[PDB]
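Below is one structure, written out as structure tokens; the observations come after it.
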Amino acid sequence: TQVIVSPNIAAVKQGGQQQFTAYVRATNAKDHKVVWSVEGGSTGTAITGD
Amino acid sequence: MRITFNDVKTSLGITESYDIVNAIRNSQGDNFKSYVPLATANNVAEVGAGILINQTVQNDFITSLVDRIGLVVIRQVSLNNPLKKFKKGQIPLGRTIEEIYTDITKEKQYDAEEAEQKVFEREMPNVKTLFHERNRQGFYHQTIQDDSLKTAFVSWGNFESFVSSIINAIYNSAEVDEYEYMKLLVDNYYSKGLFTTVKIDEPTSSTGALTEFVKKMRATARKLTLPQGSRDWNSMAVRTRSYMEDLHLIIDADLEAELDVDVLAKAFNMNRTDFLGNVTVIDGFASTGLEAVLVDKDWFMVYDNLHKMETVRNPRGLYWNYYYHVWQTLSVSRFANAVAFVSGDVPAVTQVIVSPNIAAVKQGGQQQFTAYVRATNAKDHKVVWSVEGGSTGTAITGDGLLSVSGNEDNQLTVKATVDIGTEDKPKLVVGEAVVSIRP
């Protein structure tokens with residue numbers, strides 16, 4: 001039904017880092033894999049699988 | 001500190017299903033007809049879910065510069081650990097707890113002829129001990145920006161409300177961590193194989209399986225409280241008994257609803273098909289096959305050594321730091337009964353217990369050892385005895401009698417092994433004991 005990112009508004013400096021966690025609202029007993037991405041628009045910014 | 005927001009909408013984690021906003025417009029005699037007479041329904045539908053990002057001063061690192069709110073409310077909740085009732089007292093000084101238990105002796109045969117030469121013979125009282133040590137030391141750290149947050153609220157009461165919320169969050173974190181630490185003891189005990197396992201099919205698969213589980217639980221509870229006692233339900237293999245008022249059952253939340261809807265809502269005189277001991281409801285265990293655990297009140301051996309809070313002030317950063325220190329001992333008593341109901345695929349043998357775990361013999365002495373095999377099935381298993389001291393002349397017989405050569409000086413280890421695996425791939429369950437040698 002939905003995916004909730006625990007930090008919904010974040011503010012970081014240029015050289016800072018942030019951590020995000022995802023909660024998936026599933027109506028079944030299955031486990032669903034999440035994929036992380038960034039829609040900034042410039043290089044030098046990345047996100048890992050965690 | 002320079003923060004600018006634009007091109008952002010209130011659709012962070014929103015997955016709209018069928019858009020009643022347009023359903024009301026294109027409502028041709030459906031269930032949405034009642035909302036047609038409403039005039040200003042579009043605004044309510046647009047902003048009735050709560051806005052995370054207000055249009056004036058949307059969000060920023062510190063919310064002190066700009067404030068425009070007609071009413072601010074602070075939500076505050078408190079969390080507690082239901083297992084707090086299982087905690088013992090406090091230990092201000094010292095580190096180790098020693099627990100002592102003396103067992104029963106064996107009966108000898110009357111012999112007047114033999115009694116005339118051993119009236120001064122000796123017989124040890126068969127005592128066992130175990131020790132518990134402090135093993136948890138932690139703290140919770142939280143910083144508050146006193147002066148940066150004084151401006152953020154136009155009212156003083158809001159500022160004390162926020163500070164109280166932070167302190168309550170610290171205490172709730174401590175409570176949740178304590179609950180998890182207490183729950184970890186059962187999982188660790190099951191992992192090490194020190195529980196007494198009873199096999200069940202599945203508590204929630206069907207009503208028949210639920211009734212079978214209830215019957216097994218009641219039979220086990222009856223067996224745990226017999227006056228004569230038994231040594232089949234504690235991990236030290238010591239003859240002991242428990243009490244019904246001291247027996248506690250820990251189950252999941254779904255099972256309670258299953259039971260009270262399937263049997264308790266349809267059975268006359270429902271005391272005949274209900275749980276026997278004290279029931280505690282938790283959110284399940286982390287092990288694959290654990291459904292329920294029945295333990296004695298003395299099974300838990302948890303104490304607390306330190307509980308304190310300290311504060312420091314940083315003037316350059318202009319803030320406060322709070323540290324909450326908690327030190328505890330978390331252990332379990334192997335002398336108490338502890339049965340676990342497992343609905344998976346248990347191994348054939350869980351453990352082997354050697355009754356004398358510590359022994360001290362001289363260079364010409366002898367010792368007798370006993371092995372108890374915790375088998376979950378009705379099959380019979382043969383134990384094999386060995387001694388790995390390394391010095392020749394010392395040997396242990398098949399019945400468990402160890403004899404020491406007159407000339408050897410090293411610490412011996414006595415091993416009782418059971419083979420449960422198949423050929424070409426053996427699986428050994430091993431019990432061990434330590435023997436010291438005197439000159």
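Please note that chains go A, B, ... in the order of the structure tokens, that every chain numbers its residues from 1, and that ligands are numbered from 1 in the order shown.
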Select, as a PyMOL selection string, those residues of chain A with any atom no more than 12 Å from chain B (distances computed using only C-alpha atoms).
chain A and resi 1-14+22-25
Within 6 Å of stretch 387-401 of chain B, counting only C-alpha atoms, which residues qualify if same-chain residues fewer than 6 places away don't, as number ranges by chain?
B: 367-369, 412-414
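Interatomic distance, atom CA of residue B:263 against atom CA of residue B:214: 10.6 Å.
Distances to residue B:87 were evaluated for B:131, B:303, B:319, B:140 using only C-alpha atoms, and the minimum falls at B:303.
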Between atom CA of residue B:356 and atom CA of residue B:433, what is the distance, to one decimal in Å?
6.8 Å
Do a neighbour search on stretch 38-40 of chain A at 12 Å with only C-alpha atoms, toss out local chain neighbours closer than 5 positions, and write the hits as number ranges by chain.
A: 20, 45-49
Please identify which residues in stretch 176-309 of chain B DSSP calls strand (DSSP E) from the backbone, and express them as a PyMOL selection string.
chain B and resi 196-199+247-252+278-282+290-296+303-309
If you run DSSP over the backbone, which residues in stretch 151-383 of chain B end up helix (DSSP H, G or I)? Put them as an NGL selection string.
:B and (156-192 or 207-224 or 244-246 or 253-262 or 270-272 or 297-299)
With a distance cut-off of 12 Å and only C-alpha atoms, select the neighbouring residues of residue B:219, excluding the residue or stretch itself and same-chain residues fewer than 5 positions from it, and output the selection as number ranges by chain.
B: 198, 212-214, 224-226, 273, 275-277
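Atom CA of residue B:436 to atom CA of residue B:363 spans 10.0 Å [interatomic distance, one decimal].
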